[PDB]
Amino acid sequence: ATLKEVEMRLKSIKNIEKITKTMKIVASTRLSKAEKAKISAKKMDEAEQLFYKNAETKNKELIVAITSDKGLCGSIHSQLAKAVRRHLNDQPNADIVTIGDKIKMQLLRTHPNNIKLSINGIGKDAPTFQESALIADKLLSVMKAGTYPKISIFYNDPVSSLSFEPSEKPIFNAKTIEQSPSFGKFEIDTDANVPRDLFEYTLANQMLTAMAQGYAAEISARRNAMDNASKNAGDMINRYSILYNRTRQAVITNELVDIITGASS
Amino acid sequence: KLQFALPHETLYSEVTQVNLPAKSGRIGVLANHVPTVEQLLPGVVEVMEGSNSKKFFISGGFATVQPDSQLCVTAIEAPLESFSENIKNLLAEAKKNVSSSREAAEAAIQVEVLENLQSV
Amino acid sequence: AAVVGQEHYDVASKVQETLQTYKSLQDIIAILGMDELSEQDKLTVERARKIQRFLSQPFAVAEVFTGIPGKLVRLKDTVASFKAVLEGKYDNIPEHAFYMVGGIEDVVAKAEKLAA
Amino acid sequence: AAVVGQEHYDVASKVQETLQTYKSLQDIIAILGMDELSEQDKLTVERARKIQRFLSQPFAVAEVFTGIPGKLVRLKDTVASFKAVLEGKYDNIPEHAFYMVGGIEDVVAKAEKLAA
Amino acid sequence: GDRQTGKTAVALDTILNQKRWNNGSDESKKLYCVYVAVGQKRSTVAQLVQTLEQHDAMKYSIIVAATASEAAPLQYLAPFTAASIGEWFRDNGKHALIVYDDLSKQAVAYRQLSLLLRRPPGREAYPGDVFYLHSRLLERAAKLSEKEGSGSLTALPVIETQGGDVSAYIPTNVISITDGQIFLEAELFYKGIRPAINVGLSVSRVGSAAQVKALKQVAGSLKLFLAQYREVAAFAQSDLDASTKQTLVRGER
Amino acid sequence: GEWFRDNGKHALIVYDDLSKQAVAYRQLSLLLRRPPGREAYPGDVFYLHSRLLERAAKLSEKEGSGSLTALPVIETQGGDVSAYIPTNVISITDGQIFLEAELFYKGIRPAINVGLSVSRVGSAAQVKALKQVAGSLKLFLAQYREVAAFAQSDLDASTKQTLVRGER
Amino acid sequence: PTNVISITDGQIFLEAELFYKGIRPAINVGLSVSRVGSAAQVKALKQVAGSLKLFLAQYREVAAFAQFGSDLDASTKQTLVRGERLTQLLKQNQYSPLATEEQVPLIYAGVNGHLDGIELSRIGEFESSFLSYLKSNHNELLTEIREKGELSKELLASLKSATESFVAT
Amino acid sequence: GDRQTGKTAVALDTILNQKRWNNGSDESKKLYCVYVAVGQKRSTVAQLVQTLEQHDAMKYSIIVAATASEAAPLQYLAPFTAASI
Amino acid sequence: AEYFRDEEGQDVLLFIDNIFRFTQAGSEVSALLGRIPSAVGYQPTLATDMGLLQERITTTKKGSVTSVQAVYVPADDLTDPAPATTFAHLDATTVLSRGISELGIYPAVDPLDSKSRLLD
Amino acid sequence: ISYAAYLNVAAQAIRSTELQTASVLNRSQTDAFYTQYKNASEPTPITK
């Protein structure tokens with residue numbers, strides 16, 4: 001009827017409310033592990049930065065970007081899509097390595113030619129050394145990463161535990177490391193191949209950190225989104241509930257009137 | 001002061017003597033040591049903070065004395081006790097694997113790991 | 001398409017389809033944000049938001065009551081105005097620009113007012 | 001239970017649960033998908049879809065409304081064939097190879113037919 | 001608006017403001033205000049009377065009473081009679097006001113009469129001639145021409161929305177008769193906006209050609225502006241343009 | 001039932017189902033031209049149902065302790081518990097037991113949903129032994145209901161323990 | 001309406017939203033039935049349209065899932081792609097009768113997936129042009145559909161060849 | 001379905017395709033189409049007959065009408081006498 | 001109560017049980033009287049009957065009958081006509097919650113929900 | 001092979017006493033699928 005169609009639709013909204021509540025909670029649980037990992041990873045990254053800073057390492061641009069395969073991780077996917085596009089105007093020829101499907105789809109539209117590499121299986125898993133290492137290894141072999149005298153990686157820095165600002169950092173090339181200052185305060189002879197090794201090692205170490213930062217932001221975003229969803233669903237519940245109650249009364253009245261009219265005759 | 005950091009741990013962040021196996025042989029750091037970068041090879045590692053000594057098994061990484069006397073060690077995983085013969089059984093299989101066949105290089109790395117394992 | 005001609009009918013058809021989509025995804029929009037819709041659709045939604053605002057035309061004699069001087073637009077002008085909007089020609093400027101104004105030319109001008 | 005035979009009952013109870021699970025999970029599938037749905041649950045869903053189309057069975061008097069002669073399947077045969085399905089003895093059979101056909105002999109035969 | 005949202009208070013304030021008008025001399029600048037209390041507790045009305053006498057406003061105002069106790073036929077006849085009293089002032093040209101609180105309860109009274117006269121129930125079970133009653137009542141209050149002595153009787157009839165939904169037979173019938181409505185939002189009242197005047201659902205027709213020029217100049221377009229504030233905060237809940245942010249900041253003040 | 005009760009004994013009368021009693025009275029009333037009422041049921045159907053259900057009582061020791069326990073059964077017409085005949089009976093009754101369709105389908109027999117089952121006398125006449133060993137049971141099951149929605153990834157151990165306990 | 005529904009042997013439900021969506025006739029097969037069925041369907045058209053209902057039914061379920069997002073697998077998006085073209089295929093312009101002989105090809109093309117090859121927007125152009133192509137070339141084929149009213153193996157092949165030849169265009 | 005929303009038009013299309021056989025021969029493959037219009041304004045009917053005359057189909061159409069003005073008994077009688085025709 | 005108030009000058013407090021069941025009872029009596037049942041069944045004389053009941057309940061200068069009534073909402077629908085009629089008579093509302101009693105708070109009065117119109 | 005691939009293989013091997021925790025072991029396995037693109041055109045997604 002009106003009454004039943006209201007009621008079933010209201011039931012749908014109720015079920016949606018329940019799911020968005022449930023999801024928001026599961027996301028919070030998952031987020032805790034993600035964040036825990038990220039601290040340890042970030043500490044490791046800072047030690048490498050200690051070298052780079054003191055070295056003043058300061059590095060065709062390469063673009064790498066990171067998002068999960070998974071969706072509804074807030075606006076991580078599309079805030080990143082917009083900020084990548086801005087620096088894809090700043091290099092309208094850049095070779096894009098898209099780590100995860102979601103950034104790939106949006107970015108793919110803006111320059112199809114520029115899409116050279118993309119990965120998958122990222123989002124399902126939580127960042128692990130194997131993944132980062134393998135992506136890095138493929139970056140060197142497949143993409144010939146070292147040839148590009150500029151590399152830049154984009155990720156989502158989880159600015160605050162309820163915010164994420166998509167962020168980028170420059171992955172430094174071995175040439176830059178060679179001619180950067182504070183040689184002697186970091187020694188290399190020729191019997192080591194530390195620029196060419198350290199570049200590779202920190203190619204992955206930076207990438208893993210970036211992945212950790214991103215993943216934490218993604219799960220955090222998903223929690224935030226599912227929380228806001230619950231609020232919106234509640235409002236619709238209330239609106240259709242008032243409608244349900246009114247509709248119920250109206251049916252009773254209309255039916256009652258019909259019997260009365262007949263009885264009167 | 002040793003900064004020993006890993007993507008899942010960080011056991012050190014002053015550490016007095018550290019003895020390290022690097023692609024340059026073995027390096028020992030005592031107080032102010034020359035501020036260098038050294039690639040750490042897969043290792044049996046000793047870290048001493050005071051006279052107290054901690055034995056580490058190290059999966060290779062990098063060692064870098066910073067000019068602010070921060071011995072930044074980054075490695076993928078750590079203690080020596082964790083090393084403890086199933087690894088020998090797997091290494092036998094890995095020796096077999098090289099015969100047929102990245103896998104060739106991998107099995108070669110396994111022979112290197114066997115040396116590192118023997119070091120324990 | 002005969003009575004008021006094919007061009008008029010085609011222009012109207014697209015408006016109807018677009019708006020019907022906008023109404024259709026109205027549920028989804030509330031349940032999860034507009035940035036949680038498909039990109040192709042999101043263009044449609046943004047366009048539709050413009051179309052909705054565009055439909056305004058300050059009252060021509062209840063101009064007093066509204067407090068905004070009236071606007072009267074020719075039928076020939078109207079077809080042109082909507083045609084452009086459907087081709088997204090003037091879609092690149094605020095919703096406010098399309099809100100409470102007359103013809104297509106007025107939207108452009110109101111963008112200039114807003115731009116200041 | 002006893003009235004329709006203990007085996008028959010248990011098999012049919014298992015069918016009911018399997019289908020009921022699929023229906024409850026249908027809501028989960030709607031938003032979440034099978035993406036974060038459990039492997040055990042997925043196997044139950046897959047069985048439910050197979051069972052769902054194992055229900056399908058043409059009618060001889062709906063050769064008019066289909067064109068495939070109906071199936072008159074013996075009671076014992078139905079109990080046996082449904083039991084097997086639940087056990088997952090025929091989870092190596094396509095979902096569509098249960099559709100619009102008789103008992104196990106037909107279902108397997110239709111698997112081969114689709115294979116060819 | 002909604003029941004007991006200080007519904008009475010809104011009207012009372014009008015009476016209070018016109019105290020200094022009534023302490024005036026120009027007879028045009030006199031509102032002789034009638035408060036018709038239908039279906040209200042004798043106690044509440046008595047408190048109201050005492051309130052009016054506290055603001056010493058009673059001497060320029062009449063109170064007509066058809067309390068909750070009072071019989072339904074008396075309640076039916078209560079607005080009509082009150083409007084007659086109003087007409088004596090109006091037809092003396094003198095300006096006046098009549099607040100009919102609550103005509104929705106009069107609707108219930110006429111409903112009772114109709115049913116007890118066994119006339120078939122109308123829409124929403126309210127008799128179908130309810131429209132005729134209200135329209136006849138309401139149109140007896142008017143601004144008359146200078147020929148007719150510049151008569152004025154302002155009408156403010158007070159309708160108690162069912163479930164705060166303006167769609168509803170008794171409310172809509174009234175809305176169509178009146179030349180503007182002053183819907184008040186329950187949510188805002190609760191959320192401590194006193195007075196809680198919804199501007200989404202408050203309109204006025206030819207009211208915008210009665211106010212002094214000062215309050216047209218100073219207040220110019222503010223109605224439009226806060227119907228941009230309403231919109232601004234509608235979609236405020238991602239990235240706020242500086243224009244929208246400025247509006248939100250202004251809107252809040 | 002009164003004869004047994006009057007004789008001081010105890011007995012249990014199960015009225016099954018008063019929903020059909022209502023319809024029959026409706027048939028009589030409408031045919032006797034008595035005015036119709038809510039949900040087209042006669043107006044004094046409440047008076048009848050209440051009158052019937054208040055002839056069940058636990059009589060004083062003056063009256064020799066006797067009693068007539070009663071258990072009316074009401075049939076839900078599409079689960080509409082806001083329906084006029086259910087609402088009336090619900091008011092009259094001192095507790096309700098509410099069986100849910102999902103539970104029946106999910107093979108839980110008895111399919112009583114103990115969420116909306118309440119007894120307003122309840123534990124006052126419960127076996128002391130059984131009272132002791134099942135206050136906890138109510139609380140555990142209550143949690144199991146809340147932790148029901150946790151049935152669909154990364155999930156707290158505490159909830160999972162509850163879930164296991166609840167299912168068993 | 002309830003009384004009439006019982007009496008009648010069919011329902012031809014028109015959906016209001018689908019009218020606005022521009023599907024005219026705006027019929028929805030979910031609420032449209034023919035209880036006498038395809039005993040009244042001409043043999044040729046019966047052969048071509050055999051799974052048209054099935055495809056549409058699959059499209060409907062898949063489409064429902066798609067509105068609630070979640071990355072649809074390729075098999076579902078095959079359905080989605082087929083279905084979308086079908087929806088456009090259904091559309092018609094009021095007061096334009098069509099000859100059955102020239103409705104049989106269009107359904108053949110769709111069911112034999114040739115129209116999945118053609119972009120959704122220009123499906124309407126394709127249908128018109130396809131008919132023009134048949135009018136030019138396989139007008140012998142059109143004559144046969146009129147004359148014999150059942151598609152033989154030879155007709156199916158001829159029609160298939162004609163469609164394939166025009167898929168390029 | 002929903003009123004006036006090509007309500008007439010869906011049906012009218014059917015009448016129009018039966019033109020193809022009607023114009024043709026073989027009376028058993030012909031139909032004769034009787035359009036019954038109950039409760040509709042004269043203008044609607046007039047448009048319909050104009051459309052039918054445009055499609056030159058009033059060479060087989062019968063229009064049985066009971067316009068909106070016309071009496072309620074005549075409206076009740078209208079389907080049953082259309083049936084007779 | 002009126003003997004107490006008027007003829008013993010006392011301020012008294014009169015409990016009423018369900019005023020829903022007062023209404024419900026009145027609704028039946030209407031139907032028995034054969035009067036046309038008004039909206040949602042409830043008697044056409046509903047408003048007047050409550051009016052008599054709750055205007056005899058009033059504050060006199062002799063005494064005052066204070067009345068505590070129990071309002072058992074019909075299906076928790078406050079949109080129903082009978083609660084609305086009641087709320088007009090009500091001056092204050094004490095809104096006990098069982099959730100609140102479960103938080104160990106006796107009085108079980110839900111503080112946020114409690115509202116009075118003489119809290120001015 | 002790359003230096004960090006060498007270290008990776010070594011790290012994976014190094015998680016073998018067998019008495020070590022799941023998280024290490026999870027860190028020592030990956031199921032990700034290395035999709036390959038180029039100029040959009042995709043070489044077949046070889047497992048990562």
# chains A, B, ... in the order shown; residues from 1 in each chain; ligands from 1

$ select_by_dssp --residues "chain B" --states "strand (DSSP E or B)" --output "NGL selection string"
:B and (2-5 or 12 or 15-22 or 25-30 or 37-40 or 43-49 or 52-58 or 61-65 or 71-75)

$ write_last_selection --atoms "N, CA and C atoms" --output "short mmCIF file (atom, residue, chain, number, x, y, z; two decimals), in the first residue's frame"
data_model
loop_
_atom_site.label_atom_id
_atom_site.label_comp_id
_atom_site.auth_asym_id
_atom_site.auth_seq_id
_atom_site.Cartn_x
_atom_site.Cartn_y
_atom_site.Cartn_z
N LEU B 2 72.80 4.25 19.50
CA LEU B 2 72.33 3.43 18.42
C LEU B 2 70.87 3.66 18.25
N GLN B 3 70.44 3.79 16.99
CA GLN B 3 69.07 3.92 16.61
C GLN B 3 68.99 2.64 15.85
N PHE B 4 68.25 1.63 16.36
CA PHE B 4 68.10 0.37 15.69
C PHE B 4 66.63 0.31 15.47
N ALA B 5 66.21 0.31 14.18
CA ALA B 5 64.83 0.48 13.81
C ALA B 5 64.54 -0.45 12.68
N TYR B 12 66.43 -0.09 19.89
CA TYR B 12 67.39 0.84 20.40
C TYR B 12 67.02 2.12 19.76
N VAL B 15 74.42 3.55 23.76
CA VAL B 15 74.96 2.31 23.27
C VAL B 15 76.42 2.53 22.98
N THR B 16 77.29 1.74 23.65
CA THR B 16 78.68 2.08 23.78
C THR B 16 79.49 1.45 22.68
N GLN B 17 79.27 0.15 22.37
CA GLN B 17 80.06 -0.53 21.38
C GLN B 17 79.09 -1.33 20.58
N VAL B 18 79.25 -1.34 19.24
CA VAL B 18 78.40 -2.13 18.39
C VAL B 18 79.37 -2.74 17.43
N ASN B 19 79.19 -4.03 17.09
CA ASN B 19 80.10 -4.78 16.28
C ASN B 19 79.19 -5.36 15.25
N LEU B 20 79.54 -5.14 13.98
CA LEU B 20 78.64 -5.17 12.87
C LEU B 20 79.31 -5.88 11.73
N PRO B 21 78.58 -6.60 10.88
CA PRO B 21 79.20 -7.24 9.74
C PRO B 21 78.55 -6.60 8.54
N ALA B 22 79.41 -6.06 7.66
CA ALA B 22 79.07 -5.07 6.67
C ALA B 22 79.75 -5.54 5.43
N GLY B 25 83.63 -6.05 5.57
CA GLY B 25 84.11 -6.98 6.56
C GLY B 25 83.35 -6.82 7.85
N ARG B 26 84.04 -6.43 8.94
CA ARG B 26 83.39 -6.16 10.19
C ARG B 26 83.91 -4.85 10.64
N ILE B 27 83.00 -4.09 11.27
CA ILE B 27 83.19 -2.75 11.69
C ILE B 27 82.78 -2.80 13.12
N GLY B 28 83.49 -2.03 13.96
CA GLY B 28 83.21 -1.89 15.34
C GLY B 28 83.16 -0.42 15.52
N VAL B 29 82.26 0.01 16.41
CA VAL B 29 81.96 1.38 16.64
C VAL B 29 82.10 1.40 18.11
N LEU B 30 82.78 2.43 18.62
CA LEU B 30 83.02 2.63 20.01
C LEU B 30 82.97 4.11 20.03
N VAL B 37 78.59 5.69 5.99
CA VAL B 37 77.52 4.79 5.60
C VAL B 37 78.20 3.50 5.27
N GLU B 38 77.65 2.36 5.76
CA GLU B 38 78.12 1.04 5.41
C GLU B 38 76.88 0.21 5.15
N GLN B 39 76.85 -0.59 4.05
CA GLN B 39 75.77 -1.52 3.81
C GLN B 39 75.99 -2.66 4.77
N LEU B 40 74.99 -3.01 5.60
CA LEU B 40 75.07 -4.18 6.44
C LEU B 40 74.74 -5.38 5.62
N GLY B 43 73.84 -10.96 9.08
CA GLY B 43 74.78 -10.77 10.14
C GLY B 43 74.41 -11.47 11.39
N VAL B 44 75.46 -11.62 12.22
CA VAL B 44 75.37 -11.96 13.60
C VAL B 44 76.02 -10.73 14.15
N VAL B 45 75.32 -10.08 15.09
CA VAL B 45 75.51 -8.71 15.45
C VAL B 45 75.56 -8.73 16.94
N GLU B 46 76.37 -7.81 17.50
CA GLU B 46 76.44 -7.64 18.91
C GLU B 46 76.28 -6.17 19.04
N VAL B 47 75.52 -5.80 20.08
CA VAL B 47 75.23 -4.45 20.46
C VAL B 47 75.53 -4.49 21.91
N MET B 48 76.29 -3.50 22.41
CA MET B 48 76.63 -3.46 23.80
C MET B 48 76.28 -2.06 24.14
N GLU B 49 75.58 -1.92 25.28
CA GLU B 49 75.19 -0.66 25.83
C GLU B 49 75.71 -0.89 27.19
N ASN B 52 76.82 -4.39 29.16
CA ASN B 52 75.74 -5.31 28.89
C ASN B 52 75.64 -5.48 27.40
N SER B 53 75.42 -6.73 26.96
CA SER B 53 75.64 -7.12 25.60
C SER B 53 74.40 -7.87 25.22
N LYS B 54 73.94 -7.60 24.00
CA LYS B 54 72.74 -8.10 23.41
C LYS B 54 73.20 -8.61 22.10
N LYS B 55 72.81 -9.84 21.81
CA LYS B 55 73.21 -10.51 20.59
C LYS B 55 72.02 -10.44 19.65
N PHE B 56 72.26 -9.97 18.43
CA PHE B 56 71.22 -9.80 17.44
C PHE B 56 71.52 -10.60 16.17
N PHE B 57 70.48 -11.07 15.52
CA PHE B 57 70.60 -11.74 14.27
C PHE B 57 69.90 -10.77 13.37
N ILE B 58 70.55 -10.42 12.25
CA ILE B 58 70.24 -9.24 11.50
C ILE B 58 70.19 -9.74 10.09
N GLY B 61 70.90 -4.79 6.00
CA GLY B 61 70.31 -3.51 6.16
C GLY B 61 71.36 -2.52 5.81
N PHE B 62 71.40 -1.44 6.60
CA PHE B 62 72.38 -0.40 6.49
C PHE B 62 72.72 0.02 7.88
N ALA B 63 73.96 0.51 8.03
CA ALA B 63 74.53 1.03 9.24
C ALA B 63 75.01 2.36 8.77
N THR B 64 74.86 3.41 9.60
CA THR B 64 75.27 4.73 9.21
C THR B 64 75.49 5.41 10.51
N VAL B 65 76.78 5.68 10.85
CA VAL B 65 77.13 6.66 11.85
C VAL B 65 76.89 8.01 11.22
N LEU B 71 74.13 6.26 15.50
CA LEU B 71 74.40 5.13 14.66
C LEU B 71 73.05 4.60 14.29
N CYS B 72 72.54 5.10 13.16
CA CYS B 72 71.34 4.65 12.50
C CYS B 72 71.59 3.33 11.86
N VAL B 73 70.98 2.27 12.42
CA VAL B 73 70.94 0.95 11.86
C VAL B 73 69.50 0.76 11.52
N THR B 74 69.27 0.30 10.28
CA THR B 74 67.99 -0.05 9.76
C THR B 74 68.20 -1.44 9.26
N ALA B 75 67.32 -2.39 9.65
CA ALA B 75 67.35 -3.73 9.14
C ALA B 75 65.94 -4.23 9.21
#

$ residues_around --residues "segment 52-63 of chain C" --least-positions-apart "3" --cutoff "8 Å" --atoms "only C-alpha atoms" --output "PyMOL selection string"
chain C and resi 48-49+66-72+95-96+98-103

$ residues_around --residues "residue 147 of chain G" --least-positions-apart "5" --cutoff "10 Å" --atoms "only C-alpha atoms" --output "list in words"
residues 101, 141 and 142 of chain G

$ select_by_dssp --residues "chain H" --states "helix (DSSP H, G or I)" --output "ChimeraX atom specification"
/H:7-17,19-23,27-29,42-54,72-84

$ interface_residues --of "chain G" --to "chain H" --cutoff "12 Å" --atoms "only C-alpha atoms" --output "VMD selection string"
chain G and resid 1 11 to 20 23 to 28 31 to 32 92 to 100

$ atom_distance --atom1 "atom CA of residue 32 of chain E" --atom2 "atom CA of residue 97 of chain E"
6.2 Å

$ residues_around --residues "residue 114 of chain I" --least-positions-apart "3" --cutoff "9 Å" --atoms "only C-alpha atoms" --output "PyMOL selection string"
chain I and resi 92-96+109-111

$ write_last_selection --atoms "C-alpha atoms" --output "PDB file, in the first residue's frame"
ATOM      1  CA  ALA I  92       4.631  18.854  33.585  1.00  0.00           C
ATOM      2  CA  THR I  93       5.916  15.501  32.433  1.00  0.00           C
ATOM      3  CA  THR I  94       8.045  13.120  34.453  1.00  0.00           C
ATOM      4  CA  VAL I  95       9.575  10.677  32.032  1.00  0.00           C
ATOM      5  CA  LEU I  96      10.891   7.623  33.893  1.00  0.00           C
ATOM      6  CA  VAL I 109      13.457   9.407  36.218  1.00  0.00           C
ATOM      7  CA  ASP I 110      15.261  10.069  32.939  1.00  0.00           C
ATOM      8  CA  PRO I 111      16.751  13.498  33.597  1.00  0.00           C
TER       9      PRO I 111
END

$ closest_residue --among "G:69, G:149, G:83, G:30" --to "chain D" --atoms "only C-alpha atoms"
G:69

$ interface_residues --of "chain E" --to "chain I" --cutoff "6 Å" --atoms "only C-alpha atoms" --output "compact mmCIF listing (two decimals) with N, CA and C atoms, in the first residue's frame"
# COMPACT_ATOMS: atom_id res chain seq x y z
N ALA E 68 -11.69 25.31 28.25
CA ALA E 68 -11.70 23.90 27.98
C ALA E 68 -12.95 23.25 28.50
N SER E 69 -13.40 23.67 29.70
CA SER E 69 -14.63 23.23 30.30
C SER E 69 -15.84 23.57 29.46
N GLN E 112 -17.20 18.04 16.50
CA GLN E 112 -18.04 17.41 17.49
C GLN E 112 -19.47 17.70 17.17
N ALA E 125 -11.78 13.23 8.88
CA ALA E 125 -12.87 13.10 9.81
C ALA E 125 -13.32 14.44 10.33

$ residues_around --residues "residue 159 of chain E" --least-positions-apart "4" --cutoff "9 Å" --atoms "only C-alpha atoms" --output "MDAnalysis selection string"
chainID E and resid 1:3 100:105 170:171 174

$ closest_atom_pairs --of "segment 26-85 of chain I" --to "segment 72-85 of chain F" --cutoff "12 Å" --atoms "only C-alpha atoms" --output "JSON lines"
{"residue": "I:40", "atom": "CA", "partner": "F:84", "partner_atom": "CA", "distance": 11.2}
{"residue": "I:41", "atom": "CA", "partner": "F:84", "partner_atom": "CA", "distance": 10.7}
{"residue": "I:74", "atom": "CA", "partner": "F:82", "partner_atom": "CA", "distance": 8.9}
{"residue": "I:75", "atom": "CA", "partner": "F:82", "partner_atom": "CA", "distance": 6.5}
{"residue": "I:76", "atom": "CA", "partner": "F:82", "partner_atom": "CA", "distance": 10.0}
{"residue": "I:77", "atom": "CA", "partner": "F:82", "partner_atom": "CA", "distance": 10.3}

$ write_last_selection --atoms "N, CA and C atoms" --output "compact mmCIF listing (two decimals), in the first residue's frame"
# COMPACT_ATOMS: atom_id res chain seq x y z
N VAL I 40 -9.70 8.07 14.45
CA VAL I 40 -8.90 6.99 14.98
C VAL I 40 -9.68 6.35 16.11
N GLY I 41 -11.00 6.20 15.87
CA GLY I 41 -11.92 5.55 16.77
C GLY I 41 -12.40 6.45 17.87
N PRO I 74 -0.25 5.02 23.31
CA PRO I 74 -0.85 3.95 22.55
C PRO I 74 0.11 3.62 21.45
N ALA I 75 0.89 2.54 21.65
CA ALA I 75 1.83 1.99 20.71
C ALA I 75 3.05 2.85 20.60
N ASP I 76 3.23 3.79 21.56
CA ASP I 76 4.35 4.71 21.63
C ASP I 76 4.21 5.76 20.57
N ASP I 77 2.99 5.92 20.01
CA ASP I 77 2.73 6.88 18.97
C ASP I 77 2.18 8.04 19.72

$ residues_around --residues "residue 69 of chain H" --least-positions-apart "6" --cutoff "10 Å" --atoms "only C-alpha atoms" --output "list in words"
residues 39, 40, 41, 42 and 75 of chain H

$ residues_around --residues "residue 117 of chain G" --least-positions-apart "2" --cutoff "10 Å" --atoms "only C-alpha atoms" --output "PyMOL selection string"
chain G and resi 81-82+85+110+113-115+119-120+123+167-168

$ write_last_selection --atoms "N, CA, C and O atoms" --output "compact mmCIF listing (two decimals), in the first residue's frame"
# COMPACT_ATOMS: atom_id res chain seq x y z
N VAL G 81 26.66 -4.51 -19.71
CA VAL G 81 26.88 -3.99 -21.04
C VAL G 81 25.83 -4.47 -21.99
O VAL G 81 25.29 -3.66 -22.74
N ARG G 82 25.44 -5.76 -21.93
CA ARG G 82 24.41 -6.29 -22.80
C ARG G 82 23.10 -5.64 -22.52
O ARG G 82 22.40 -5.20 -23.43
N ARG G 85 22.45 -1.89 -23.65
CA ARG G 85 22.15 -1.81 -25.06
C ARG G 85 20.74 -2.25 -25.31
O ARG G 85 20.05 -1.65 -26.13
N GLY G 110 20.76 -8.04 -31.26
CA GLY G 110 20.94 -7.83 -29.85
C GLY G 110 21.23 -9.10 -29.13
O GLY G 110 22.17 -9.16 -28.34
N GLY G 113 24.41 -10.53 -29.73
CA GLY G 113 25.43 -9.77 -29.05
C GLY G 113 26.17 -8.82 -29.93
O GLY G 113 27.16 -8.23 -29.50
N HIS G 114 25.69 -8.61 -31.16
CA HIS G 114 26.35 -7.80 -32.15
C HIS G 114 26.28 -6.35 -31.75
O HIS G 114 27.17 -5.58 -32.07
N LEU G 115 25.19 -5.98 -31.05
CA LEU G 115 24.93 -4.64 -30.59
C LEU G 115 25.74 -4.28 -29.39
O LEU G 115 25.86 -3.10 -29.06
N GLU G 119 28.43 1.34 -29.41
CA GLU G 119 28.33 2.27 -28.32
C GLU G 119 26.90 2.66 -28.09
O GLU G 119 26.14 2.81 -29.04
N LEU G 120 26.52 2.83 -26.80
CA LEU G 120 25.16 2.92 -26.32
C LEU G 120 24.40 4.06 -26.94
O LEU G 120 23.24 3.91 -27.32
N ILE G 123 23.24 3.54 -30.59
CA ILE G 123 22.50 2.32 -30.84
C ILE G 123 21.31 2.63 -31.70
O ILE G 123 21.02 1.90 -32.64
N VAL G 167 28.34 -4.73 -38.63
CA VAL G 167 28.90 -4.46 -37.31
C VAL G 167 30.03 -3.50 -37.49
O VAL G 167 30.23 -2.59 -36.69
N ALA G 168 30.80 -3.70 -38.60
CA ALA G 168 31.90 -2.87 -39.00
C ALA G 168 31.47 -1.44 -39.19
O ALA G 168 32.13 -0.53 -38.70

$ atom_distance --atom1 "atom CA of residue 137 of chain G" --atom2 "atom CA of residue 91 of chain G"
25.5 Å

$ atom_distance --atom1 "atom CA of residue 27 of chain J" --atom2 "atom CA of residue 128 of chain A"
5.1 Å

$ interface_residues --of "chain A" --to "chain C" --cutoff "12 Å" --atoms "only C-alpha atoms" --output "JSON, numbers by chain"
{"A": [9, 12, 13, 14, 16, 17, 19, 20, 71, 72, 73, 74, 75, 76, 77, 78, 79, 81, 102, 105, 106, 107, 109, 222, 224, 225, 226, 227, 228, 229, 230, 231, 232, 233, 234, 235, 236, 237]}

$ interface_residues --of "chain A" --to "chain E" --cutoff "8 Å" --atoms "only C-alpha atoms" --output "list in words"
residues 250, 253, 254, 257 and 261 of chain A

$ write_last_selection --atoms "C-alpha atoms" --output "PDB file, in the first residue's frame"
ATOM      1  CA  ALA A 250      -4.851   7.673   7.912  1.00  0.00           C
ATOM      2  CA  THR A 253      -9.551   6.683   9.578  1.00  0.00           C
ATOM      3  CA  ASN A 254     -10.365   6.105   5.923  1.00  0.00           C
ATOM      4  CA  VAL A 257     -15.308   6.240   7.539  1.00  0.00           C
ATOM      5  CA  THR A 261     -21.025   5.690   5.689  1.00  0.00           C
TER       6      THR A 261
END
